[PDB]
Amino acid sequence: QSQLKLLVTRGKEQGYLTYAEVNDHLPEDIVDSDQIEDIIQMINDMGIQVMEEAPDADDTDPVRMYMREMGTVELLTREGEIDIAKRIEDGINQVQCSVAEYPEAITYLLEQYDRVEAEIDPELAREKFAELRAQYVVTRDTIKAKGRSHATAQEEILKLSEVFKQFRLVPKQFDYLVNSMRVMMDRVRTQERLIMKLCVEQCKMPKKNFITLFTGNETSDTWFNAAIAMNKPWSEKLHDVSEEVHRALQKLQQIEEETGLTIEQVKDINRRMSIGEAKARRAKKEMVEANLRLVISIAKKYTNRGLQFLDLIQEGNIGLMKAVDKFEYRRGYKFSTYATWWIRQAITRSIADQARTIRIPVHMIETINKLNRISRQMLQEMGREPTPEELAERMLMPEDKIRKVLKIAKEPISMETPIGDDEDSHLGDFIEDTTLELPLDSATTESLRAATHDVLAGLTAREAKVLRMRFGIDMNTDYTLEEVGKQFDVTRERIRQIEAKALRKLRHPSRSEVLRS
Amino acid sequence: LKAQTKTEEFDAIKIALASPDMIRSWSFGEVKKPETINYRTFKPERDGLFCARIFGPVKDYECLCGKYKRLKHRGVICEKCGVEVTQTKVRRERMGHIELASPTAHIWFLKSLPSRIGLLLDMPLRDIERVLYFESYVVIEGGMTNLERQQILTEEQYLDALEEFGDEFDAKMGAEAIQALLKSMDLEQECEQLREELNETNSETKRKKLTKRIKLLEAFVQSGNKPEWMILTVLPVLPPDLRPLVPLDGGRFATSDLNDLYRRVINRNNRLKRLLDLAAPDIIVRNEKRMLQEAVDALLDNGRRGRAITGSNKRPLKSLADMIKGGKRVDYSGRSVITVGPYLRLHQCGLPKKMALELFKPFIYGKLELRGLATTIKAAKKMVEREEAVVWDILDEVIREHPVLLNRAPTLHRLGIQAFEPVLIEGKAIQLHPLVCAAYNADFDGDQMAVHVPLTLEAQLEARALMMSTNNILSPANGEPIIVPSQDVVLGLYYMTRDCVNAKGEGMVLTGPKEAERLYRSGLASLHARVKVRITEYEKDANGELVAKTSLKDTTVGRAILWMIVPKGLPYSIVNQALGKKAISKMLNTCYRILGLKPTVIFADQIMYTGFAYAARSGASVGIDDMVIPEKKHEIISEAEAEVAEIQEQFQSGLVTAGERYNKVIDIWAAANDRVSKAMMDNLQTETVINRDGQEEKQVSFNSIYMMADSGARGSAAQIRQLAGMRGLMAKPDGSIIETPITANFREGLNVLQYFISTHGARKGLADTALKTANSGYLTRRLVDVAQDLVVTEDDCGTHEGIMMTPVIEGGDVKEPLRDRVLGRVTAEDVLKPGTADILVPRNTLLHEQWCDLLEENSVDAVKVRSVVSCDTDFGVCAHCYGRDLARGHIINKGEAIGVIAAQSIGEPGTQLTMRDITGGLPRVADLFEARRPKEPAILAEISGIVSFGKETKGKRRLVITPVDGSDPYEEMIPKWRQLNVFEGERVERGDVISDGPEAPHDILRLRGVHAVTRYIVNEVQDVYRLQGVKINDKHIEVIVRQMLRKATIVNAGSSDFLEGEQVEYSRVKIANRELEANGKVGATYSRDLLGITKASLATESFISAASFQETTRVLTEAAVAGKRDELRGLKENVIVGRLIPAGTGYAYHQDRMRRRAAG
Ligand SMILES: [Mg+2]
Ligand SMILES: [Zn+2]
Ligand SMILES: [Zn+2]
């Protein structure tokens, strides 16, 4: 209504395209560089019909839209934070315990420790790793002996779990193990999904019957042969997949032998590990989400230094994202300051490198800044400009080192810079090419080839080839006195004699003489 | 069995979307690091924007590390670093790519006027498509319950709808969401259903959007491109050399902005990839995804939304698009200040020694090593670098018959660049022939011209047979001569006539040449007396040849000797009996039409030599006493100031209307200004007394000043009138006239007051000069942009129709005839004769045969003539239909270039057009070409009927006229404002005036007729050239009117789809091939449509041509959406690609290659 009626009725056709008119007759926050092109495009060119395409098309900023979603405060207190931190540690512990439940994680760590000793106290390493192995070798025997039907035998197993929980492993280790377990489960559900896909769909066996049957042993062929011997209409199709199901069951039993665990529970421990993963990850996200403010507030100080506001607060978010990982609620120190340093270090270790087009090392950045900080006083604590010799004297570095440092400063300049302000100048337009050769130079080089190719004609074969092969022309790889002396029987001095005689010949022709210059 | 897989000859170029895999095909690696060059070694990083393994090696043949150096390994890559060691120019052509994590929207197909990705999907641009991909309002992707298919949901709406149903309508948000949206879209099935629904019981209340999108949707699907490619997943990288960082002088590198861009996009992209592996907070990752969007959009095309700054420059960064959106320097060139050279011929120019030496450097070298002298090539360089006497003679050899073409700064028309034969001159200035000094519009104020050396063999022949000045005798605009003698020479030949009585006169008779001995040997004068001599005339008739005719005529000394110069033919004596003024050129023209080129050319050199010599002999000067004031000056001024005095006294005592006494006293001074002007002219004109035999007689003043004015040579009435008469009414900055004209004159003193008044005139004179000079070219660009594609082709077609040419007669109430507007015109068909027979069918009205159109008396003043307005040609122009008017005398050579020559001639005299029921001036010319409706358009009767009022002001309304007769009515709308011209009941014809006001060309063409509208445009555009007094042929106006009526609009039912306004090119060629194909009922009847220069030029086949003038960001985009291809006939687009021009010296080339592209 308002915009549509005002625009159309006014512009008929405003003669000289009065741009500075209806743009004031438009709502919302003005002075934008977005709404501009959307009016210059309609007015002319495709007139009449373009003015009907406009209204039907009418029937913004990164940072402002970022603060919008950050607007969801959900701020915390000492109570709130510690609560989140408690859930983090809670999630983590269940994961490790779920890992400790895994016997192959202990046995692999054992296997890899023997690898370590086969090539941080070495005796201390031999100490704890001995403790683990000891509890293992005592727990392992209480398995097949079956004494204490996994009640007290279970006690030594969980004691072995605690012993494993004593170990403070490296991040790469825990991730490798956990990844390995999920890969194992991937093979497990691979076989389970294979049996299901083969028996349920290919053999027309209802999902009700498959869940009622397979859920039992899942490994022994006691369920498969009982499914075939059920004399159901979907039982006769199983014969066409007997080898497949058998092959899948045999491989799953193989996994039982690999983990040394009950297949009807590997899902259970893996389940609880996954749960903990979601729990801890969740809390850490809530953590990074909550202290999201702290990032921007401290990143505002580092603004404008060869990197935009969005980039700064982004590294501060990854800077904050790391801080939340290394922190415990069982610490007198609060999160408000501990995170701040990690964020400061995060973006400052980004402004250092990914800022200028040319590379630069951190010590360079610190040295350069120190120079400026020192120079701002020398011209103010005296009265005249800071001389390079004296300024270098006020520093540990000599002087020439400082000179070379200034040759790394600035982006530097971009070619698209106007210079003489012609119609229209650009610095990069004055830049001459030097890698190209003058057509004059190229022409002479060709005539030079002709010159030499024609001069070696007025020579003998045992002299032309000699001159040609020695200085390596028209044959790429040039040879020496020996490699030419061998192919011509007489060695060294003889061939050099001829080589000098050919040079003697070229003392009257003027062609190569003028070609010299 | 061809199928060659190399870089051979191409017949066309195609433009279309690029698949992510399409980009991968160009990829010679993947940029993965924002790193550019090393901080210390100044060496290309591993996988940065300037890799050596990816793109190309720095040095020519040596690899990065240095394991391989010389030409030994030009095909094998290095062991330590995969560096293909070939050239360094490889670094100038290699592509490369970056592969982003989450998808990114292409800024062009996103926000470029019509949202392509939106209109294709039917969805709002900066409204819905923004809030849906900036992570704000999630969108749907097809649902079989509750939710439609493309509605927009908030987080709250999303989870609510998900809780109700969910897991069966999944619909993401952001970039990849629009991807699944564009991907899921079925162009095929929608193209069917859209055709079904948008045709069912709907009038003109829907057909708009209906026809639009269905044509668009049909286009894209047939284009070949999959809408998947709209938003890219793989963004390709520009070759390093096209955006280098080259060390300037003493450090301080200089880079392009793209490095800033590419470095930002990579950094933002990698952080995105790194975050898609670490903890992924939805707010953090989504923001980084929006930042990648920012980075990519900025690199492709800044525009547009804030402009990414940085780079320390407060100025924005030059993105890719901005580097191709909106001059051609050349080798073998030079320039210098020009100077007149009287001793030259008409095909010769003075080219400086040192200038010509450095210009033909490559030719001197070759000829030197050719002859001997130089042992080798480098010997020659050292030989000419040490300008060694002998070298100059060899220079005299190479420039012998090697034409060099000259050029001046403001090149308005074809005669801006003309070829000459190089003449060595000891000097550092360039000399020019004083005849072609007018074609260039060049003066010797310090003006400087450029020179070019036709290197190519045929490029020399192009220069000799076309651009050579001797072939440009006549003006391309008007048939009259262009190299006609100017100021100095013309006063020369005027002084060679001008019969003066007695004074060493007497009628001592002889025989031509002997008189020359008489003039040098004194005794007799030269401007006497008259005197008689024997004139041996030569004339031809019927069987041509020559017929002598010796006689005894009464010429003068000047006329006798001047007769020697005159060529073999010609009427003789009578051409010299007159004088030297305008006939000075008239003589030259007639000689050309009755003789030919060469006799006319040499005649010009001779008439040039004659004028200068005898003018120098004459010695006309300008002392202060040459500009005599009339004695009645002070008398007339007092009388005028007496009259105006009486009027002011009347205004004092009421009586006369004081409101406009200003106007009437101005007439008094204006009359007063004319009185002095007439008095000064009548006095300075005749005067003199002489003393013939018995004394007492009168001729015309030999007052030098007068002689110059009575013989062209920059001397007009107004200027003279200011010299001795008075500067009349002067303008005031207000625009009003001062009521106290400058009574004094330049001969006299000028008061400080009246000069401070005249200063305004000069300021607004120069300033107005400055505007119309640039505004002239501003018009020419539009003229050419629309016309520079049509060339006279298919020889000479049939057809007889064409505008009935008749003498432009304002003589209805003012008397002003002009009947030369038919000559070199091809006849329509035997245009009658008060009796029988006479004129043939296709016979072009000769220069001598139009003079035969006076032997048929003043009776015959109407002839039908073939014009470019008509001509049933297809994509060109019939040679017959055109004419002949060139510097050449015959009809236009087949495959010329009518358009550019037409535009040039029209926009050339724009320099002498004053901008403002009469607009007048250059602006008036513009409006007629733009075909704009007047501020008060008149109205016409569409169908002939009986006039009656249609409900007196019953709407709305505003009067209503309804001319109904025979069958069916019409209701025109009169807005009360402005009266009428036909009472009720009266009958009208098909297109009668019922507003008696300004006519609209749109209505005229639409109703009156094509011949009518073209006749209107030509006769109305000429009317603004009459007043300015600039002669320009009607053909060229007709030529631009030709493709000014290029397209039309079809109204019925055919293979073409109705509402579409298509050009009569495809229309006629398709309607001719449908009457005899299957049925004429599968085709409709079309209707010519008037569109202005710009609106017409806007439409053109080549997408490359369009990207020249109009908004490249738009044209390249839309031409990309549909798989379009230029192939490849236009002039402009075939120039930027840098190949043979499909006309003139080419044409033959294009025709052969045009037919060649018929096998497949
Ligand atoms: Mg000048
Ligand atoms: Zn190498
Ligand atoms: Zn024709």
# chains A, B, ... in the order shown; residues from 1 in each chain; ligands from 1

$ residues_near_ligand --ligand "ligand 1" --cutoff "12 Å" --atoms "only C-alpha atoms and all ligand atoms" --output "list in words"
residues 337, 338, 339, 408, 409, 410, 437, 438, 440, 441, 442, 443, 444, 445, 446, 447, 448 and 449 of chain B

$ residues_near_ligand --ligand "ligand 3" --cutoff "10 Å" --atoms "only C-alpha atoms and all ligand atoms" --output "list in words"
residues 792, 793, 794, 795, 796, 797, 798, 799, 800, 801, 802, 866, 867, 868, 869, 870, 871, 872, 873, 874, 876, 877, 878, 879, 880, 881 and 882 of chain B

$ residues_near_ligand --ligand "ligand 2" --cutoff "9 Å" --atoms "only C-alpha atoms and all ligand atoms" --output "PyMOL selection string"
chain B and resi 62-69+77-85

$ write_last_selection --atoms "N, CA, C and O atoms" --output "PDB file, in the first residue's frame"
ATOM      1  N   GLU B  62      63.173 -24.296 -14.229  1.00  0.00           N
ATOM      2  CA  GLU B  62      63.739 -24.927 -13.040  1.00  0.00           C
ATOM      3  C   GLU B  62      62.673 -25.083 -11.959  1.00  0.00           C
ATOM      4  O   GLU B  62      61.874 -24.176 -11.726  1.00  0.00           O
ATOM      5  N   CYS B  63      62.663 -26.242 -11.307  1.00  0.00           N
ATOM      6  CA  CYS B  63      61.649 -26.554 -10.307  1.00  0.00           C
ATOM      7  C   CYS B  63      61.838 -25.744  -9.026  1.00  0.00           C
ATOM      8  O   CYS B  63      62.724 -24.894  -8.941  1.00  0.00           O
ATOM      9  N   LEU B  64      60.998 -26.018  -8.033  1.00  0.00           N
ATOM     10  CA  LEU B  64      60.992 -25.249  -6.793  1.00  0.00           C
ATOM     11  C   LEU B  64      62.272 -25.458  -5.987  1.00  0.00           C
ATOM     12  O   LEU B  64      63.031 -24.516  -5.759  1.00  0.00           O
ATOM     13  N   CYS B  65      62.502 -26.695  -5.553  1.00  0.00           N
ATOM     14  CA  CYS B  65      63.693 -27.028  -4.777  1.00  0.00           C
ATOM     15  C   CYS B  65      64.961 -26.798  -5.592  1.00  0.00           C
ATOM     16  O   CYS B  65      65.790 -25.958  -5.244  1.00  0.00           O
ATOM     17  N   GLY B  66      65.108 -27.551  -6.678  1.00  0.00           N
ATOM     18  CA  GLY B  66      66.241 -27.380  -7.570  1.00  0.00           C
ATOM     19  C   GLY B  66      66.897 -28.678  -7.999  1.00  0.00           C
ATOM     20  O   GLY B  66      68.035 -28.678  -8.467  1.00  0.00           O
ATOM     21  N   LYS B  67      66.179 -29.787  -7.844  1.00  0.00           N
ATOM     22  CA  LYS B  67      66.704 -31.091  -8.230  1.00  0.00           C
ATOM     23  C   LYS B  67      66.908 -31.152  -9.739  1.00  0.00           C
ATOM     24  O   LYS B  67      67.842 -31.789 -10.227  1.00  0.00           O
ATOM     25  N   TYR B  68      66.021 -30.485 -10.470  1.00  0.00           N
ATOM     26  CA  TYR B  68      66.093 -30.440 -11.924  1.00  0.00           C
ATOM     27  C   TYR B  68      66.156 -28.988 -12.390  1.00  0.00           C
ATOM     28  O   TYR B  68      65.419 -28.140 -11.884  1.00  0.00           O
ATOM     29  N   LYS B  69      67.027 -28.702 -13.353  1.00  0.00           N
ATOM     30  CA  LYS B  69      67.272 -27.317 -13.749  1.00  0.00           C
ATOM     31  C   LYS B  69      66.954 -27.014 -15.212  1.00  0.00           C
ATOM     32  O   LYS B  69      66.002 -26.290 -15.502  1.00  0.00           O
ATOM     33  N   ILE B  77      57.828 -34.512 -13.543  1.00  0.00           N
ATOM     34  CA  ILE B  77      57.741 -33.770 -12.289  1.00  0.00           C
ATOM     35  C   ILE B  77      58.902 -34.095 -11.352  1.00  0.00           C
ATOM     36  O   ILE B  77      59.525 -35.150 -11.462  1.00  0.00           O
ATOM     37  N   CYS B  78      59.185 -33.179 -10.431  1.00  0.00           N
ATOM     38  CA  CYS B  78      60.278 -33.353  -9.481  1.00  0.00           C
ATOM     39  C   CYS B  78      60.006 -34.489  -8.501  1.00  0.00           C
ATOM     40  O   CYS B  78      58.857 -34.869  -8.275  1.00  0.00           O
ATOM     41  N   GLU B  79      61.075 -35.027  -7.926  1.00  0.00           N
ATOM     42  CA  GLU B  79      60.965 -36.128  -6.977  1.00  0.00           C
ATOM     43  C   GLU B  79      60.563 -35.639  -5.586  1.00  0.00           C
ATOM     44  O   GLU B  79      59.644 -36.181  -4.973  1.00  0.00           O
ATOM     45  N   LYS B  80      61.256 -34.616  -5.094  1.00  0.00           N
ATOM     46  CA  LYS B  80      60.996 -34.091  -3.755  1.00  0.00           C
ATOM     47  C   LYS B  80      59.734 -33.232  -3.690  1.00  0.00           C
ATOM     48  O   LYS B  80      59.071 -33.173  -2.654  1.00  0.00           O
ATOM     49  N   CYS B  81      59.405 -32.568  -4.793  1.00  0.00           N
ATOM     50  CA  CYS B  81      58.219 -31.715  -4.842  1.00  0.00           C
ATOM     51  C   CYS B  81      57.545 -31.759  -6.212  1.00  0.00           C
ATOM     52  O   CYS B  81      58.111 -31.307  -7.206  1.00  0.00           O
ATOM     53  N   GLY B  82      56.333 -32.306  -6.250  1.00  0.00           N
ATOM     54  CA  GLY B  82      55.592 -32.467  -7.489  1.00  0.00           C
ATOM     55  C   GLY B  82      55.410 -31.187  -8.284  1.00  0.00           C
ATOM     56  O   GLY B  82      54.310 -30.641  -8.361  1.00  0.00           O
ATOM     57  N   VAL B  83      56.498 -30.712  -8.880  1.00  0.00           N
ATOM     58  CA  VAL B  83      56.470 -29.488  -9.672  1.00  0.00           C
ATOM     59  C   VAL B  83      56.688 -29.775 -11.155  1.00  0.00           C
ATOM     60  O   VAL B  83      57.812 -30.037 -11.583  1.00  0.00           O
ATOM     61  N   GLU B  84      55.609 -29.731 -11.930  1.00  0.00           N
ATOM     62  CA  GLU B  84      55.708 -29.910 -13.372  1.00  0.00           C
ATOM     63  C   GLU B  84      56.530 -28.776 -13.974  1.00  0.00           C
ATOM     64  O   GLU B  84      56.082 -27.631 -14.027  1.00  0.00           O
ATOM     65  N   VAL B  85      57.733 -29.105 -14.429  1.00  0.00           N
ATOM     66  CA  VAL B  85      58.657 -28.104 -14.950  1.00  0.00           C
ATOM     67  C   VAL B  85      58.491 -27.858 -16.446  1.00  0.00           C
ATOM     68  O   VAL B  85      59.118 -28.523 -17.269  1.00  0.00           O
TER      69      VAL B  85
END

$ atom_distance --atom1 "atom CA of residue A:57" --atom2 "atom CA of residue A:20"
21.5 Å

$ residues_around --residues "residue A:26" --least-positions-apart "4" --cutoff "9 Å" --atoms "only C-alpha atoms" --output "list in words"
residues 3, 22 and 30 of chain A

$ residues_around --residues "stretch 174-178 of chain A" --least-positions-apart "3" --cutoff "12 Å" --atoms "only C-alpha atoms" --output "PyMOL selection string"
chain A and resi 92+95-109+112+165+167-171+181-185+269-270+273-274+277

$ closest_residue --among "A:15, A:418, A:276, A:439" --to "residue A:89" --atoms "only C-alpha atoms"
A:276

$ interface_residues --of "chain A" --to "chain B" --cutoff "8 Å" --atoms "only C-alpha atoms" --output "VMD selection string"
chain A and resid 32 to 34 36 to 38 41 to 42 45 57 to 58 60 62 66 69 to 70 281 285 288 to 289 306 to 308 310 to 311 314 317 321 354 357 to 360 407 to 408 411 to 416 428 431 443 to 444 447 476 to 477 510 to 511 514 to 515

$ write_last_selection --atoms "C-alpha atoms" --output "JSON list (two decimals), in the first residue's frame"
[["chain", "number", "residue", "atom", "x", "y", "z"],
["A", 32, "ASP", "CA", 22.22, 0.75, 4.56],
["A", 33, "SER", "CA", 24.43, -0.53, 1.74],
["A", 34, "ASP", "CA", 22.06, -3.43, 1.03],
["A", 36, "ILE", "CA", 20.65, 0.39, -2.59],
["A", 37, "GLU", "CA", 21.08, -1.90, -5.60],
["A", 38, "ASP", "CA", 17.47, -3.05, -5.39],
["A", 41, "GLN", "CA", 17.89, -2.15, -10.97],
["A", 42, "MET", "CA", 14.15, -1.66, -11.44],
["A", 45, "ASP", "CA", 16.22, -0.85, -18.44],
["A", 57, "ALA", "CA", 9.39, -9.14, -4.99],
["A", 58, "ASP", "CA", 8.74, -6.85, -2.02],
["A", 60, "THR", "CA", 21.03, -8.31, 6.79],
["A", 62, "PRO", "CA", 26.48, -11.04, 10.39],
["A", 66, "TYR", "CA", 24.97, -13.21, 15.95],
["A", 69, "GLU", "CA", 21.12, -15.78, 19.00],
["A", 70, "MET", "CA", 23.60, -15.01, 21.78],
["A", 281, "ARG", "CA", 29.44, -33.38, 25.47],
["A", 285, "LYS", "CA", 28.31, -27.34, 25.07],
["A", 288, "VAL", "CA", 30.75, -22.95, 26.05],
["A", 289, "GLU", "CA", 27.27, -21.64, 25.26],
["A", 306, "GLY", "CA", 44.70, -7.22, 10.55],
["A", 307, "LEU", "CA", 41.66, -9.33, 11.38],
["A", 308, "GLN", "CA", 37.95, -8.52, 11.60],
["A", 310, "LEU", "CA", 33.96, -11.91, 13.47],
["A", 311, "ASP", "CA", 37.31, -13.69, 13.16],
["A", 314, "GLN", "CA", 35.47, -16.83, 16.57],
["A", 317, "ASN", "CA", 34.92, -19.19, 20.89],
["A", 321, "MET", "CA", 35.82, -24.18, 23.78],
["A", 354, "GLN", "CA", 46.73, -15.42, 9.94],
["A", 357, "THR", "CA", 49.38, -12.00, 3.52],
["A", 358, "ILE", "CA", 53.05, -12.85, 4.04],
["A", 359, "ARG", "CA", 54.05, -15.36, 6.72],
["A", 360, "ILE", "CA", 55.69, -14.34, 9.99],
["A", 407, "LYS", "CA", 61.30, -4.96, 5.35],
["A", 408, "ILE", "CA", 58.63, -7.39, 6.53],
["A", 411, "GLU", "CA", 50.57, -6.07, 4.15],
["A", 412, "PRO", "CA", 51.81, -4.42, 2.03],
["A", 413, "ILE", "CA", 50.20, -2.19, -0.61],
["A", 414, "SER", "CA", 47.55, -3.50, -3.01],
["A", 415, "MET", "CA", 47.72, -2.90, -6.78],
["A", 416, "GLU", "CA", 44.20, -1.49, -7.14],
["A", 428, "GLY", "CA", 49.24, -2.43, -10.62],
["A", 431, "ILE", "CA", 53.89, -2.75, -13.13],
["A", 443, "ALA", "CA", 64.69, -12.54, -32.62],
["A", 444, "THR", "CA", 68.44, -12.22, -32.06],
["A", 447, "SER", "CA", 69.41, -15.62, -35.46],
["A", 476, "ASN", "CA", 71.01, -30.97, -24.28],
["A", 477, "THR", "CA", 73.36, -32.76, -21.87],
["A", 510, "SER", "CA", 82.32, -11.18, -38.26],
["A", 511, "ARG", "CA", 78.93, -12.81, -37.65],
["A", 514, "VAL", "CA", 78.89, -8.50, -33.78],
["A", 515, "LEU", "CA", 76.51, -10.96, -32.13]]

$ atom_distance --atom1 "atom CA of residue A:344" --atom2 "atom CA of residue A:298"
7.3 Å

$ residues_around --residues "residue B:790" --least-positions-apart "6" --cutoff "12 Å" --atoms "only C-alpha atoms" --output "NGL selection string"
:B and (784 or 868 or 873-878 or 895-903 or 1039-1040 or 1042-1043 or 1046 or 1100 or 1129-1132 or 1142-1144 or 1147)

$ write_last_selection --atoms "C-alpha atoms" --output "PDB file, in the first residue's frame"
ATOM      1  CA  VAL B 784      26.313   2.881 -32.627  1.00  0.00           C
ATOM      2  CA  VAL B 868      16.292   0.744 -45.781  1.00  0.00           C
ATOM      3  CA  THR B 873      15.772  -8.387 -46.628  1.00  0.00           C
ATOM      4  CA  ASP B 874      16.334 -10.651 -43.622  1.00  0.00           C
ATOM      5  CA  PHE B 875      19.315  -9.900 -41.371  1.00  0.00           C
ATOM      6  CA  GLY B 876      20.909  -7.261 -43.592  1.00  0.00           C
ATOM      7  CA  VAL B 877      20.244  -4.549 -46.169  1.00  0.00           C
ATOM      8  CA  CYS B 878      19.731  -4.716 -49.941  1.00  0.00           C
ATOM      9  CA  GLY B 895      29.302  -6.149 -47.293  1.00  0.00           C
ATOM     10  CA  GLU B 896      30.072  -2.580 -46.241  1.00  0.00           C
ATOM     11  CA  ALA B 897      28.997  -1.451 -42.763  1.00  0.00           C
ATOM     12  CA  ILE B 898      26.085   0.985 -43.092  1.00  0.00           C
ATOM     13  CA  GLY B 899      25.409   1.174 -39.356  1.00  0.00           C
ATOM     14  CA  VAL B 900      28.642   2.714 -38.096  1.00  0.00           C
ATOM     15  CA  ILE B 901      28.993   5.082 -41.058  1.00  0.00           C
ATOM     16  CA  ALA B 902      25.378   6.106 -40.511  1.00  0.00           C
ATOM     17  CA  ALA B 903      25.773   6.796 -36.789  1.00  0.00           C
ATOM     18  CA  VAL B1039      19.045   3.300 -41.397  1.00  0.00           C
ATOM     19  CA  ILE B1040      18.769   3.817 -37.648  1.00  0.00           C
ATOM     20  CA  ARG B1042      15.331   0.490 -39.726  1.00  0.00           C
ATOM     21  CA  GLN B1043      16.460  -1.417 -36.643  1.00  0.00           C
ATOM     22  CA  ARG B1046      13.522  -4.206 -35.310  1.00  0.00           C
ATOM     23  CA  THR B1100      20.623  -8.307 -29.122  1.00  0.00           C
ATOM     24  CA  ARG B1129      28.232 -13.025 -36.145  1.00  0.00           C
ATOM     25  CA  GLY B1130      28.098  -9.649 -34.435  1.00  0.00           C
ATOM     26  CA  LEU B1131      30.679  -6.914 -34.866  1.00  0.00           C
ATOM     27  CA  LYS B1132      31.243  -5.790 -31.279  1.00  0.00           C
ATOM     28  CA  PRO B1142      32.237  -9.964 -40.145  1.00  0.00           C
ATOM     29  CA  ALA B1143      32.126  -7.182 -42.751  1.00  0.00           C
ATOM     30  CA  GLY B1144      34.296  -5.274 -45.223  1.00  0.00           C
ATOM     31  CA  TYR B1147      32.626 -10.613 -44.599  1.00  0.00           C
TER      32      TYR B1147
END

$ closest_residue --among "B:292, B:210, B:886, B:847" --to "residue B:1059" --atoms "only C-alpha atoms"
B:210

$ residues_around --residues "residue B:887" --least-positions-apart "2" --cutoff "6 Å" --atoms "only C-alpha atoms" --output "list in words"
residues 472, 473, 474, 475 and 476 of chain B

$ write_last_selection --atoms "N, CA, C and O atoms" --output "mmCIF file, in the first residue's frame"
data_model
loop_
_atom_site.group_PDB
_atom_site.id
_atom_site.type_symbol
_atom_site.label_atom_id
_atom_site.label_comp_id
_atom_site.auth_asym_id
_atom_site.auth_seq_id
_atom_site.Cartn_x
_atom_site.Cartn_y
_atom_site.Cartn_z
ATOM 1 N N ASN B 472 38.870 9.175 -50.163
ATOM 2 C CA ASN B 472 37.882 9.904 -49.377
ATOM 3 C C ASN B 472 37.725 11.337 -49.868
ATOM 4 O O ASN B 472 37.995 12.290 -49.137
ATOM 5 N N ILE B 473 37.286 11.482 -51.113
ATOM 6 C CA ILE B 473 37.041 12.797 -51.691
ATOM 7 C C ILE B 473 35.720 13.372 -51.193
ATOM 8 O O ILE B 473 35.645 14.539 -50.808
ATOM 9 N N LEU B 474 34.681 12.545 -51.202
ATOM 10 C CA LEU B 474 33.361 12.966 -50.754
ATOM 11 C C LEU B 474 33.117 12.604 -49.295
ATOM 12 O O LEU B 474 33.723 11.672 -48.765
ATOM 13 N N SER B 475 32.225 13.348 -48.649
ATOM 14 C CA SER B 475 31.817 13.040 -47.285
ATOM 15 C C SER B 475 30.819 11.889 -47.271
ATOM 16 O O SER B 475 29.925 11.824 -48.114
ATOM 17 N N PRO B 476 30.978 10.962 -46.316
ATOM 18 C CA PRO B 476 30.041 9.844 -46.183
ATOM 19 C C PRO B 476 28.660 10.313 -45.736
ATOM 20 O O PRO B 476 27.658 9.671 -46.054
#

$ residues_around --residues "residue B:55" --least-positions-apart "5" --cutoff "9 Å" --atoms "only C-alpha atoms" --output "list in words"
residues 28, 29, 50, 83, 84, 90, 91, 92, 93, 94, 95, 96, 239 and 240 of chain B

$ select_by_dssp --residues "stretch 1038-1143 of chain B" --states "helix (DSSP H, G or I)" --output "PyMOL selection string"
chain B and resi 1038-1045+1064-1071+1080-1082+1093-1097+1103-1109+1112-1121+1133-1136

$ atom_distance --atom1 "atom CA of residue B:191" --atom2 "atom CA of residue B:217"
6.6 Å
